[PDB]
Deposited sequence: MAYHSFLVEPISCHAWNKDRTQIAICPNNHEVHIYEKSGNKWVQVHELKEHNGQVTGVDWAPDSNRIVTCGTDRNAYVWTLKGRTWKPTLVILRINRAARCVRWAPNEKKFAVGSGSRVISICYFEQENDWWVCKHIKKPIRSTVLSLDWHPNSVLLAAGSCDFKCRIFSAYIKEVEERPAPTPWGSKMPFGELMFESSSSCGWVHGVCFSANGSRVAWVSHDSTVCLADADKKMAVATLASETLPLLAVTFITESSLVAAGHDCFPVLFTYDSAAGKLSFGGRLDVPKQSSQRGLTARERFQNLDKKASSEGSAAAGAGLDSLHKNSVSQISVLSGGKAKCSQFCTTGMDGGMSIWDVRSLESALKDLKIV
């Protein structure tokens, strides 16, 4: 199912808790929130505050708060007051463009990656009534492209232009407390480096933690997909694609990943826990001048419903200005030779 919001790219998107509204950045300094009416899409909101292209959007489910970061170095936290969203400026203390942002599952803090080669961890202080942040710097040598939280709201996975996928501890003790031991490690002080991939090629365009967070996956520019699980000594599985680089990825079960990127179509990857091997059972978009629904590169993918443990629907927004909803079961009916898990 495809819908074109515009012909210019959709830099990034985020859906509210019920998946009733979606917030996208139409290659602007703005964020447009759309809502469905019958089988049509009606623009219900415009968030105009950033002074540069919005690069990341995230929607805290329960507190119903929207966080955005832009090339103007800023980050805004939007709260709904009646029928209008009001922005609250958050100082990331960075001197380059902000590239991505994500709310921690507990919604008490968010992380922003930037061109300053650092990750800004933000949380609110109900004393001085404002947002402050702490930086995760070492050993990030380049721009942070993507982020993804671990179900415990402490561990954080980051992909960067220095070709590395990393997991750090974003442990703030003034909003949460002592993370329970994880297979990634027992000591999690703030900023602690828990894991770092070994590859020395390809920018890590996207990273993702599985439902239980014991495995993390990332897609690099050298057309490879990777997975590392803490239950096997952080052993990493690697799969070289035969096509163009992937730009976004997510788990749809504990052993299944769905990615997309420059080919313009989503693909399926499964992980063999036993052999510790990754496989390609891909191409979920089976049939301008292309045969895929998206006409340009897919740059973001998100689980719509069913979580990352048993995903039933996922979304893909891309550089064609399109948004595509995919039904995991419909894809399994259409492709009888398809796996999953």
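Novice: What gaps appear when the modelled C-alpha atoms are mapped onto the deposited sequence?
Specialist: In the chain as deposited, 1, 289-318 carry no coordinates.
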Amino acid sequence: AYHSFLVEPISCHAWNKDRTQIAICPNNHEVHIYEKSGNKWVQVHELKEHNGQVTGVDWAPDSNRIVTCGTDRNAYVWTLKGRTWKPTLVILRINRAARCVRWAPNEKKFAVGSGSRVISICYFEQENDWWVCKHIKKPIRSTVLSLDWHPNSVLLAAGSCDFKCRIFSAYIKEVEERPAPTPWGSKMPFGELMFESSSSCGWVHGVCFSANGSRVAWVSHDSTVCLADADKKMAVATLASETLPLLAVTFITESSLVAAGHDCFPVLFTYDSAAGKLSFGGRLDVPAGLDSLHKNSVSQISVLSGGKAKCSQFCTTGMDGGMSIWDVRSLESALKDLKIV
From here on, numbers count along this sequence of modelled residues.
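Novice: Take the C-alpha B-factors listed in the entry for 90-98 and for 123-131, compute each mean, and give the stretch with the larger one.
Specialist: Taking the mean C-alpha B-factor of 90-98 and of 123-131, the larger value falls to 123-131.
Novice: Please compare 74-82 with 206-214 and name the stretch with the higher mean C-alpha B-factor in the deposited structure.
Specialist: In the deposited entry, the stretch with the higher C-alpha B-factor mean is 74-82.
Novice: Considering only 232, 138, 150, 164, which residue's Cα atom bears the greatest B-factor as recorded?
Specialist: That would be 232, according to the entry.
Novice: Quick one: which of 195, 171, 110, 269 has the biggest Cα B-factor according to the entry?
Specialist: The record points to 171.
Novice: Considering every modelled residue of the chain and its Cα B-factor in the PDB entry, is residue 117 in the lowest, middle or highest third?
Specialist: Answer is middle: the recorded C-alpha B-factor places it there.
Novice: Tell me, lowest, middle or highest third: where does the Cα B factor of residue 317 rank within its chain?
Specialist: CA B-factor rank for residue 317: lowest third.
Novice: Check where residue 143 lands among this chain's C-alpha B-factors and tell me if it's the lowest, middle or highest third.
Specialist: Tercile = lowest for this residue's CA B-factor.
Novice: How does the C-alpha B factor of residue 39 compare with the rest of the chain: lowest, middle or highest third?
Specialist: Its C-alpha B-factor, which the entry lists for residue 39, ranks in the middle third among residues of this chain.
Novice: Taking the chain's C-alpha temperature factors as the reference, tell me which third residue 297 falls into: lowest, middle or highest.
Specialist: Its C-alpha B-factor, which the entry lists for residue 297, ranks in the middle third among residues of this chain.
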